[PDB]
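Before any questions on how it binds or moves, here is one chain, the form deposited in one PDB entry, in structure tokens.
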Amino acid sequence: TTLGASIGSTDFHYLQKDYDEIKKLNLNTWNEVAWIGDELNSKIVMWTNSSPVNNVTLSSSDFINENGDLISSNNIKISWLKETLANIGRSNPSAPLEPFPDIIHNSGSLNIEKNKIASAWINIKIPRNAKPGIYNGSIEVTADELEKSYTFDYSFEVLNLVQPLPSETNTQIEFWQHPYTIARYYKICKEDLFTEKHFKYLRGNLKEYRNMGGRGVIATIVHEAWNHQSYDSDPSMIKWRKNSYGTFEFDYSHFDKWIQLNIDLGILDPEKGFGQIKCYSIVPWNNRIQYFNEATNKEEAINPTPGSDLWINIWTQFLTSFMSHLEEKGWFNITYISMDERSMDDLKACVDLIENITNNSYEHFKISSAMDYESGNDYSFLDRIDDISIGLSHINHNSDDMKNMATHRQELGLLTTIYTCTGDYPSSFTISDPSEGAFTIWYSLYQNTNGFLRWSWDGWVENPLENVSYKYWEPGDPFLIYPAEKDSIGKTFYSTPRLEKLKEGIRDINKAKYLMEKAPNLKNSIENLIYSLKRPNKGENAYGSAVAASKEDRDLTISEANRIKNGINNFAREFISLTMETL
């Protein structure tokens, strides 16, 4: 027929190459369980045969429970998934380019060419004052060349528990933002950086970050701190210069505007100690510091070795000046100096220096680092670092070491996350199954950490809406949101199924934590459910990208995330029911 349609999973992509199998789909009903103030996602997958089909549109009804309580269609947004091209390899110019439905794009009508797949993402926001019950409604697909519209029957159960607000949880989330990348893409000239004209293209995506639980805000403190690994250079938010007396001076202009923005948006709250400023880095690439030398009127650069007299000298100047500046602003207590996975001799020199430099309340800078930890219960150096993030590929699954390490840090009130990056599986690539994201968040809880860190909020390539390929890494690795179109009026970014799955994991671990606290009879049962989590094996495709080790491993990833979720909602249910029977 002209247009086929079926409900599909949000957990994996429906790709053009799978057209003939996709056409056999025939799911006409959907159901899910939600808390008050939760969100659900779904998907409709469609296909054409030999004719193009025009003006394809989806509309939701209102949803109504058994008492007539209403959740308006206002709370349902239906968005076309847009495809972009991705080189399917890693550092491999000859890998093929294939299309991936990675972009949650716009609402409205689509014209679909012949012999194509197209899917639409469905987002359902449950109001924070919604009534419990089973809600029913429908989603209707029409098109010009379609005689009989499709009606898909949707229901969900709202449980009588309230989804926690981010600020009511102890989940740590940190995604690295690249505000000069947003400037580049949207044609913000040098003169307008960190002016209102730049802020208009930042605010939307930062609120997005905030609302899902983002707490870490990165800021660069030297020039090109990652040696231009990304498509866009990384400028320093603190400009360095050397004066005629041979000592250094620091312009905090961009730094201050950046942090203030994040304070204004409610991401950081320095007075109450909410959120973090992560200052990258005291061990930037090759220890290289580029600075304007006033005596010679040109740019110079030096590479002092950590723990040398010269390194100690320069970095004492920076840290004492920075600490004063921060104290004047009232920002010091939420500021962390970031290291990185360097020689342990270099990290020791960093921690030694930092602990030497105190303010007049006897406090030194907090310290943050990605750390290569795999075993052993010697926590003597790790305990000196306030926030650490351990990469997934360094975590040995058949072992309690990570969990033991993290539990120690939890007892000391220190922070711990896991991160993913290039080479990881599960991960958060364009080519990934989006459900890898929910698995990733569950795994952060399995390891008894506070949550999840990723380097990659927005590190866009030239035109990611059309091709995400970059010279390094699996495709889509550097960004979890897309920009909007360069000429956009209105939208400033687009979400991704992979991001929405992280969001899902974050909401569902927050449920598990809420119940563990409010239901002491169930806490240990809940812990055991989480401890049953299995971790899949990984391999590589032919082009160097990390992928599941087998179909069984790939199915595990999806079946595990959903199993824990459903188990948590059953605990939620038994808890509600027993509270009622026993009230």
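For every residue, the number given is its place in the sequence shown, counted from 1. Under this definition, the rigid core comprises the largest set of C-alpha atoms superposing within 1.5 Å between the forms.
Chemist: Taking only the CA atoms, which stretch has the higher mean B-factor in the record, 171 to 179 or 405 to 413?
Modeler: Stretch with the greater average CA B-factor: 405 to 413.
Chemist: Mean C-alpha B-factor higher for 573 to 581, or for 4 to 12?
Modeler: Looking at the record's C-alpha B-factors, the answer is 573 to 581.
Chemist: Can you tell me which of 508, 346, 224, 147 has the maximum CA B-factor listed in the PDB entry?
Modeler: Of the candidates given, the C-alpha B-factor peaks at 147.
Chemist: Sorting 385, 392, 217, 97 by Cα temperature factor from the record, which one lands on top?
Modeler: Within the set 385, 392, 217, 97, 97 shows the top C-alpha B-factor.
Chemist: Using the temperature factors of the C-alpha atoms in this entry, rank residue 254 within its chain: lowest, middle or highest third.
Modeler: It belongs to the middle third of the chain when residues are ordered by C-alpha B-factor.
Chemist: Taking the entry's C-alpha B-factors for this chain, is residue 518 in the lowest, middle or highest third?
Modeler: Highest third of the chain for residue 518's C-alpha B-factor.
Chemist: Relative to the other modelled residues in the chain, which third contains the C-alpha temperature factor of residue 532: lowest, middle or highest?
Modeler: CA B-factor rank for residue 532: middle third.
Chemist: Please say which third, lowest, middle or highest, residue 553 falls into when its CA temperature factor is compared across its chain.
Modeler: For residue 553, whose C-alpha B-factor we compare with every modelled residue in the chain, the answer is the middle third.
Chemist: Taking the entry's C-alpha B-factors for this chain, is residue 474 in the lowest, middle or highest third?
Modeler: Ranked within chain, residue 474 CA B lands in the lowest tercile.
The same protein has a further form, the form deposited in another entry, not shown here; the description that follows concerns it.
Chemist: Superpose on the rigid core and name the single residue from 97, 295, 134, 412 whose Cα moves by 2 angstroms or more between this form and the one not shown.
Modeler: Among the listed residues, the outlier is 295.
Chemist: Once the two forms are fit on the core, has residue 253 moved its CA by at least 2 Å between this form and the one not shown?
Modeler: The answer is no; the displacement is under 2 Å.
Chemist: Answer yes if the CA of residue 243 moves 2 Å or more between this form and the one not shown after aligning the rigid core, and no otherwise.
Modeler: The answer is yes; the displacement is at least 2 Å.
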